[PDB]
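**Q** Contents of final-v2.cif (mmCIF, C-alpha atoms (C1' of nucleotides)) are below:
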data_structure
loop_
_atom_site.label_atom_id
_atom_site.label_comp_id
_atom_site.auth_asym_id
_atom_site.auth_seq_id
_atom_site.Cartn_x
_atom_site.Cartn_y
_atom_site.Cartn_z
CA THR Y 1 12.03 -25.10 32.04
CA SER Y 2 10.11 -27.16 29.49
CA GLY Y 3 13.06 -29.42 28.70
CA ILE Y 4 11.57 -30.27 25.28
CA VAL Y 5 12.84 -28.62 22.09
CA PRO Y 6 10.43 -28.35 19.13
CA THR Y 7 11.52 -30.17 15.98
CA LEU Y 8 11.55 -28.43 12.62
CA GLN Y 9 9.39 -30.04 9.93
CA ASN Y 10 9.54 -27.74 6.89
CA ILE Y 11 11.67 -24.87 5.59
CA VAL Y 12 10.50 -22.70 2.69
CA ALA Y 13 13.57 -21.06 1.14
CA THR Y 14 13.70 -18.83 -1.94
CA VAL Y 15 16.65 -18.52 -4.33
CA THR Y 16 17.37 -16.46 -7.43
CA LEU Y 17 19.60 -17.14 -10.43
CA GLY Y 18 19.59 -13.79 -12.26
CA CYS Y 19 18.75 -15.33 -15.64
CA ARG Y 20 15.69 -16.20 -17.70
CA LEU Y 21 14.89 -19.90 -18.12
CA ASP Y 22 12.91 -21.83 -20.73
CA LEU Y 23 10.58 -23.96 -18.63
CA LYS Y 24 9.74 -26.41 -21.42
CA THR Y 25 13.44 -27.13 -21.95
CA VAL Y 26 13.91 -27.76 -18.23
CA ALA Y 27 10.86 -30.04 -18.07
CA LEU Y 28 11.99 -32.17 -21.03
CA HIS Y 29 15.66 -32.52 -20.01
CA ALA Y 30 15.25 -32.80 -16.22
CA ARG Y 31 14.86 -36.15 -14.49
CA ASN Y 32 11.73 -35.51 -12.40
CA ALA Y 33 9.99 -32.41 -13.77
CA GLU Y 34 6.27 -31.65 -14.00
CA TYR Y 35 5.49 -28.54 -16.08
CA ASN Y 36 1.77 -27.84 -16.58
CA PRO Y 37 1.40 -24.14 -17.49
CA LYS Y 38 -2.42 -24.33 -17.50
CA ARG Y 39 -2.57 -24.62 -13.69
CA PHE Y 40 0.65 -23.01 -12.44
CA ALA Y 41 3.41 -20.91 -14.03
CA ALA Y 42 6.41 -22.97 -12.87
CA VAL Y 43 8.02 -26.37 -13.37
CA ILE Y 44 7.77 -28.55 -10.27
CA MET Y 45 10.87 -30.68 -9.70
CA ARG Y 46 11.88 -33.04 -6.89
CA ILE Y 47 15.10 -34.69 -5.72
CA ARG Y 48 15.49 -37.66 -3.41
CA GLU Y 49 18.66 -37.20 -1.36
CA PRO Y 50 17.41 -34.22 0.72
CA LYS Y 51 13.78 -34.94 -0.26
CA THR Y 52 12.80 -31.38 -1.24
CA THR Y 53 10.54 -29.82 -3.86
CA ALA Y 54 11.38 -26.80 -6.01
CA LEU Y 55 9.12 -24.42 -7.92
CA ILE Y 56 11.34 -23.06 -10.71
CA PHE Y 57 9.78 -20.06 -12.46
CA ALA Y 58 10.50 -18.63 -15.90
CA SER Y 59 12.15 -15.54 -14.34
CA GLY Y 60 15.00 -17.51 -12.76
CA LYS Y 61 13.38 -17.53 -9.31
CA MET Y 62 13.34 -20.75 -7.29
CA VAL Y 63 11.25 -21.73 -4.25
CA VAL Y 64 12.73 -24.72 -2.42
CA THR Y 65 10.61 -26.38 0.26
CA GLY Y 66 10.48 -29.54 2.36
CA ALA Y 67 13.96 -29.44 3.91
CA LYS Y 68 14.17 -30.39 7.59
CA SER Y 69 17.30 -28.31 8.30
CA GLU Y 70 18.58 -24.85 7.44
CA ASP Y 71 21.69 -26.34 5.80
CA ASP Y 72 19.84 -29.17 4.06
CA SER Y 73 17.80 -26.55 2.20
CA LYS Y 74 21.06 -25.00 0.99
CA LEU Y 75 22.26 -28.37 -0.32
CA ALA Y 76 18.93 -28.97 -2.07
CA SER Y 77 18.86 -25.49 -3.62
CA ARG Y 78 22.48 -25.82 -4.74
CA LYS Y 79 21.76 -29.17 -6.41
CA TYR Y 80 18.70 -27.73 -8.17
CA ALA Y 81 20.83 -24.88 -9.50
CA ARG Y 82 23.51 -27.35 -10.59
CA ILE Y 83 20.90 -29.40 -12.46
CA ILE Y 84 19.81 -26.22 -14.25
CA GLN Y 85 23.49 -25.55 -15.00
CA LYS Y 86 24.04 -29.02 -16.46
CA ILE Y 87 21.14 -28.33 -18.80
CA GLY Y 88 23.08 -25.36 -20.20
CA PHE Y 89 21.18 -22.36 -18.86
CA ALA Y 90 23.11 -19.54 -17.24
CA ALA Y 91 22.42 -20.35 -13.58
CA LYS Y 92 24.44 -19.08 -10.62
CA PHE Y 93 23.72 -19.63 -6.94
CA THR Y 94 22.72 -16.29 -5.45
CA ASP Y 95 20.82 -14.68 -2.53
CA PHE Y 96 19.39 -17.50 -0.38
CA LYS Y 97 16.86 -16.42 2.25
CA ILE Y 98 14.72 -18.71 4.42
CA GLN Y 99 11.21 -17.25 4.20
CA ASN Y 100 9.41 -19.64 6.58
CA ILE Y 101 10.14 -22.38 9.12
CA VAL Y 102 7.57 -24.83 10.50
CA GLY Y 103 8.12 -26.73 13.73
CA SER Y 104 6.06 -29.18 15.74
CA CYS Y 105 6.11 -30.51 19.29
CA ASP Y 106 3.91 -31.81 22.11
CA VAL Y 107 3.66 -30.64 25.72
CA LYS Y 108 2.54 -34.16 26.73
CA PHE Y 109 -0.73 -33.21 28.43
CA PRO Y 110 -4.24 -32.11 27.34
CA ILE Y 111 -4.92 -28.39 27.10
CA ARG Y 112 -8.29 -26.73 27.76
CA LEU Y 113 -8.69 -24.72 24.56
CA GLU Y 114 -11.78 -22.89 25.85
CA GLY Y 115 -9.48 -21.32 28.45
CA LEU Y 116 -6.84 -19.75 26.20
CA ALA Y 117 -9.69 -18.62 23.94
CA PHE Y 118 -11.16 -16.75 26.94
CA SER Y 119 -8.15 -15.62 28.98
CA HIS Y 120 -6.16 -14.67 25.87
CA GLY Y 121 -8.81 -13.22 23.57
CA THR Y 122 -6.68 -10.60 21.82
CA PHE Y 123 -4.38 -13.27 20.32
CA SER Y 124 -6.29 -16.56 20.29
CA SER Y 125 -9.12 -17.39 17.89
CA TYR Y 126 -11.07 -20.56 18.72
CA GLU Y 127 -13.81 -21.56 16.25
CA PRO Y 128 -13.93 -25.34 16.74
CA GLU Y 129 -16.57 -26.18 14.09
CA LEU Y 130 -14.16 -24.99 11.37
CA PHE Y 131 -10.75 -26.19 12.60
CA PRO Y 132 -10.24 -28.38 15.70
CA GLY Y 133 -7.23 -26.31 16.75
CA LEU Y 134 -6.89 -22.98 18.50
CA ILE Y 135 -4.88 -20.34 16.62
CA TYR Y 136 -2.53 -18.25 18.78
CA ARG Y 137 -0.94 -15.26 17.02
CA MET Y 138 2.05 -14.39 19.18
CA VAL Y 139 3.16 -10.77 18.86
CA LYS Y 140 6.87 -11.10 19.72
CA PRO Y 141 8.30 -12.97 17.92
CA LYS Y 142 5.56 -12.70 15.29
CA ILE Y 143 4.70 -16.41 15.05
CA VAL Y 144 1.42 -18.30 14.72
CA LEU Y 145 0.79 -21.32 16.95
CA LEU Y 146 -1.84 -24.01 16.39
CA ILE Y 147 -2.82 -25.42 19.79
CA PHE Y 148 -4.76 -28.68 19.92
CA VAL Y 149 -6.64 -30.49 22.67
CA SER Y 150 -4.28 -33.48 22.49
CA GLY Y 151 -1.46 -31.21 23.65
CA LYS Y 152 0.27 -30.83 20.28
CA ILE Y 153 1.66 -27.45 19.19
CA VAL Y 154 2.54 -26.38 15.64
CA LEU Y 155 4.86 -23.40 15.18
CA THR Y 156 4.91 -21.60 11.83
CA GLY Y 157 6.06 -18.17 10.65
CA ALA Y 158 9.59 -18.05 12.08
CA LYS Y 159 12.34 -16.89 9.73
CA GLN Y 160 15.20 -18.25 11.86
CA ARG Y 161 15.55 -21.20 14.22
CA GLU Y 162 15.82 -18.89 17.24
CA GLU Y 163 12.34 -17.36 17.01
CA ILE Y 164 10.61 -20.75 16.89
CA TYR Y 165 12.36 -21.75 20.12
CA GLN Y 166 11.68 -18.36 21.70
CA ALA Y 167 7.96 -18.61 20.92
CA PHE Y 168 7.61 -22.05 22.52
CA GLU Y 169 9.50 -21.03 25.66
CA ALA Y 170 7.09 -18.08 25.95
CA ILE Y 171 3.97 -20.21 25.36
CA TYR Y 172 4.71 -23.13 27.71
CA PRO Y 173 3.66 -21.32 30.93
CA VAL Y 174 0.26 -20.18 29.62
CA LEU Y 175 -0.28 -23.68 28.20
CA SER Y 176 0.51 -25.40 31.51
CA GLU Y 177 -1.82 -23.04 33.38
CA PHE Y 178 -4.74 -24.52 31.41
CA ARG Y 179 -4.10 -28.25 31.88
CA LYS Y 180 -7.34 -30.22 32.03
CA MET Y 181 -7.91 -32.25 35.19
"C1'" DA G 1 -26.37 -58.19 -3.75
"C1'" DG G 2 -27.11 -55.12 0.30
"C1'" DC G 3 -25.15 -53.60 4.82
"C1'" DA G 4 -21.33 -52.80 8.34
"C1'" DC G 5 -16.60 -51.61 8.64
"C1'" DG G 6 -11.71 -50.20 7.28
"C1'" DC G 7 -8.78 -47.18 4.14
"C1'" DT G 8 -8.12 -43.31 1.43
"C1'" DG G 9 -8.59 -38.77 -0.50
"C1'" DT G 10 -10.78 -33.94 0.09
"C1'" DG G 11 -11.81 -29.72 2.79
"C1'" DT G 12 -10.64 -26.44 6.58
"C1'" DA G 13 -6.70 -23.70 9.55
"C1'" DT G 14 -1.48 -21.46 9.71
"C1'" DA G 15 2.86 -19.31 7.80
"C1'" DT G 16 5.73 -18.16 3.35
"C1'" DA G 17 8.01 -17.01 -1.39
"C1'" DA G 18 7.28 -17.04 -6.44
"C1'" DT G 19 3.91 -15.89 -11.04
"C1'" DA G 20 0.37 -15.20 -14.49
"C1'" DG G 21 -4.29 -14.99 -15.28
"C1'" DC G 22 -8.70 -13.43 -14.63
"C1'" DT G 23 -12.14 -10.88 -11.78
"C1'" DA G 24 -14.45 -6.84 -9.37
"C1'" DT G 25 -15.00 -1.90 -9.38
"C1'" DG G 26 -15.15 2.89 -10.35
"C1'" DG G 27 -15.07 6.25 -14.37
"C1'" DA G 28 -16.33 7.61 -19.13
"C1'" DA G 29 -18.52 7.35 -23.42
"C1'" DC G 30 -22.07 6.05 -27.24
"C1'" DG G 31 -26.30 3.56 -29.22
"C1'" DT G 32 -31.17 1.79 -28.82
"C1'" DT G 33 -35.99 2.23 -27.16
"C1'" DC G 34 -39.87 4.32 -24.08
"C1'" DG G 35 -43.22 8.68 -22.47
"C1'" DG G 36 -77.98 52.01 -52.35
"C1'" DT G 37 -81.50 55.22 -52.29
"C1'" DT G 38 -83.07 60.36 -51.30
"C1'" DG G 39 -83.17 64.98 -51.77
"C1'" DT G 40 -81.52 69.51 -53.32
"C1'" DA G 41 -78.51 72.39 -56.68
"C1'" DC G 42 -76.93 73.56 -60.90
"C1'" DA G 43 -76.82 74.29 -65.83
"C1'" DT G 44 -79.39 74.34 -69.99
"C1'" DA G 45 -83.82 73.46 -73.45
#
Starting from the file, give its structure as structure tokens.
**A**
Amino acid sequence: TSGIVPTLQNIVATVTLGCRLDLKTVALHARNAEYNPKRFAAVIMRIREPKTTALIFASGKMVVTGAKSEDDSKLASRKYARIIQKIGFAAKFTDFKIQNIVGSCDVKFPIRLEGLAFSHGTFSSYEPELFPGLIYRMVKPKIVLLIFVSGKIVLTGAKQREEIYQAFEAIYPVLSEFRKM
DNA sequence: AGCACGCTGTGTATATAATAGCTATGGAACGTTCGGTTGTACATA
């Protein structure tokens, strides 16, 4: 009905290697590594070809983020593991689970936020002197939507690409019902 | 050099994994500092 498909903007994927790393060694022998143990307990590393960031912890756990596609995250995570391998550490690609997907879109018309905040009060929270966007907590699929007056919708919380589409197709009608003017 | 205006970073809201470090918060204990004369017998000269 809508005819517009939301576009994914970020994918937070987590990977494990099953081995203990020495963060200082990784920071000193990796191209772009930023290890500051005083603030955080991981070495932050970036690569350019998929443009993703990785938080590599001392327990062999990795948190890749920034990929725009489900497969691109796999390529980024694989390259990060390979870089760790080329250092010499025992690193093997292992369980890869996408823990969060963020998508954005626009319905192309203003939305009366005061309406959703009133009609849908059990899901929507509208406190406009803190954040200019209404927060809709959909119950099935369990996804959080940020609805803005300019007609822009942000989808976050989906674990697969299907739920983020399902949420938008279920939110378009109630959004159109509250079109200003 | 002070005032108006543009640009840029910071905060606030949402989801999520990972980790280590500090904070509350009850529960238990120990140490220091406040609220004779009188009168009658008796035995002997």
**Q** Going by the chain IDs and residue numbers used in this file, which residues fall under the PyMOL selection byres ((chain Y) within 7 of (chain G))? Write them as a tab-separated table (two decimals) with C-alpha atoms, in the coordinates of the input.
**A**
chain	number	residue	atom	x	y	z
Y	12	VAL	CA	10.50	-22.70	2.69
Y	14	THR	CA	13.70	-18.83	-1.94
Y	41	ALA	CA	3.41	-20.91	-14.03
Y	61	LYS	CA	13.38	-17.53	-9.31
Y	63	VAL	CA	11.25	-21.73	-4.25
Y	99	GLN	CA	11.21	-17.25	4.20
Y	100	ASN	CA	9.41	-19.64	6.58
Y	130	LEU	CA	-14.16	-24.99	11.37
Y	131	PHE	CA	-10.75	-26.19	12.60
Y	144	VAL	CA	1.42	-18.30	14.72
Y	156	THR	CA	4.91	-21.60	11.83
Y	157	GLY	CA	6.06	-18.17	10.65
**Q** Tell me which protein, DNA and RNA residues are within 7 Å of residue 135 in chain Y, counting all atoms listed in the file, leaving out same-chain ones fewer than 6 positions away, and put them as an mmCIF file with C-alpha atoms, in the frame of the given file.
**A**
data_model
loop_
_atom_site.group_PDB
_atom_site.id
_atom_site.type_symbol
_atom_site.label_atom_id
_atom_site.label_comp_id
_atom_site.auth_asym_id
_atom_site.auth_seq_id
_atom_site.Cartn_x
_atom_site.Cartn_y
_atom_site.Cartn_z
ATOM 1 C CA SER Y 124 -6.290 -16.560 20.290
ATOM 2 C CA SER Y 125 -9.120 -17.390 17.890
ATOM 3 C CA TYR Y 126 -11.070 -20.560 18.720
ATOM 4 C CA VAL Y 144 1.420 -18.300 14.720
ATOM 5 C CA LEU Y 145 0.790 -21.320 16.950
ATOM 6 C CA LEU Y 146 -1.840 -24.010 16.390
ATOM 7 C CA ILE Y 147 -2.820 -25.420 19.790
#
**Q** Check which residues satisfy the PyMOL selection byres ((chain Y and resi 162-179) around 6) in the file shown, then give them as an mmCIF file with C-alpha atoms, in the coordinates of the input.
**A**
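result31.cif was written with the following content:
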data_model
loop_
_atom_site.group_PDB
_atom_site.id
_atom_site.type_symbol
_atom_site.label_atom_id
_atom_site.label_comp_id
_atom_site.auth_asym_id
_atom_site.auth_seq_id
_atom_site.Cartn_x
_atom_site.Cartn_y
_atom_site.Cartn_z
ATOM 1 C CA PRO Y 110 -4.240 -32.110 27.340
ATOM 2 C CA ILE Y 111 -4.920 -28.390 27.100
ATOM 3 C CA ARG Y 112 -8.290 -26.730 27.760
ATOM 4 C CA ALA Y 158 9.590 -18.050 12.080
ATOM 5 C CA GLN Y 160 15.200 -18.250 11.860
ATOM 6 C CA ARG Y 161 15.550 -21.200 14.220
ATOM 7 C CA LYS Y 180 -7.340 -30.220 32.030
#
**Q** What gap, in Å, lies between CA of residue 73 in chain Y and CA of residue 50 in chain Y?
**A**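 Result for CA of residue 73 in chain Y versus CA of residue 50 in chain Y: 7.8 Å, one decimal.
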**Q** Compile the contact shell of range 75-80 of chain Y as JSON, numbers by chain: residues with an atom at most 12 Å away, counting all atoms listed in the file, same-chain residues fewer than 6 positions apart removed.
**A** {"Y": [11, 12, 13, 14, 15, 16, 17, 26, 30, 31, 32, 33, 43, 44, 45, 46, 47, 48, 49, 50, 51, 52, 53, 54, 55, 56, 60, 61, 62, 63, 64, 65, 66, 67, 68, 69, 86, 87, 91, 92, 93, 94, 95, 96, 97, 98]}
**Q** Just how far from CA of residue 128 in chain Y is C1' of residue 7 in chain G, in Å to one decimal?
**A**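 Computing the Euclidean distance for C1' of residue 7 in chain G and CA of residue 128 in chain Y yields 25.7 Å.
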**Q** Report, in Å to a single decimal, how far apart CA of residue 27 in chain Y and CA of residue 40 in chain Y are.
**A** 13.6 Å
**Q** So which residues touch residue 114 in chain Y within 9 Å, counting all atoms listed in the file, skipping near sequence neighbours fewer than 4 positions away, as JSON, numbers by chain?
**A** {"Y": [118, 119, 126, 134]}
**Q** With the file shown as input, list the residues that the PyMOL selection byres ((chain Y and resi 24) around 10) selects, as a PyMOL selection string.
**A** chain Y and resi 21-23+25-30+33-37+42-43+58
**Q** Around all the atoms of range 151-155 of chain Y listed in the file, draw an axis-aligned box and extend it by 3 Å on each of the six sides; I want its centre and edge lengths in Å to one decimal, as lines of an AutoDock Vina configuration file.
**A**
center_x = 1.7
center_y = -27.3
center_z = 19.4
size_x = 12.3
size_y = 13.8
size_z = 14.5
**Q** As a VMD selection string, please: the residues near residue 8 in chain Y (cut-off 7 Å, only C-alpha atoms (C1' of nucleotides), same-chain neighbours under 3 positions excluded).
**A** chain Y and resid 68 102 to 104
**Q** Between Y:3, Y:39, Y:57, Y:72, which is the closest to residue 18 in chain Y once you count only C-alpha atoms?
**A** Y:57
